[PDB]
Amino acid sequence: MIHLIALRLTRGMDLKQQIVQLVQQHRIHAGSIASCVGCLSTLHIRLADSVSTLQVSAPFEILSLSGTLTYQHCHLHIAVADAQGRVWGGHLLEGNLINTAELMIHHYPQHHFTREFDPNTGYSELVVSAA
């Protein structure tokens, strides 16, 4: 059965760090982000070329946060909107500071997500199994 874990984050908290801590705290071995309405005072993302990075200290509304949660690694992608309504996004890094964040995580106790090195990509990739 899918379980819900909800938590409000406050000013100054690091989004990615808080999610990783929540995952470890609840012994989550398989999960995803259900919702994350909120705002940031600092955005820090890795871009689509997998190398460039963007850090901006300005107000951003969090529109969506998607993530594959495993105990040892959280793969999170975010979409945010700036003061003009334009949307930006990419791979979530450390340093994304909350300005509230109404975080909701879905935990899948019956599953076990892990990550194993993939010679074809050069990165550790998702491996799905039953728990």
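Residue positions are given as counts along the sequence shown, with the first one as 1.
- Coordinates are absent for 1 to 3 residues of the deposited sequence placed between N99 and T100.
- Set 4-12 against 120-128 and average the Cα temperature factors; 120-128 ends up higher.
- Stretches 48-56 and 76-84 differ in mean CA B factor, with 48-56 having the higher one.
- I105: CA B factor in the middle third of modelled residues in this chain (values from the PDB entry).
- The deposited CA B-factor of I28 belongs to the highest third of values across its chain.
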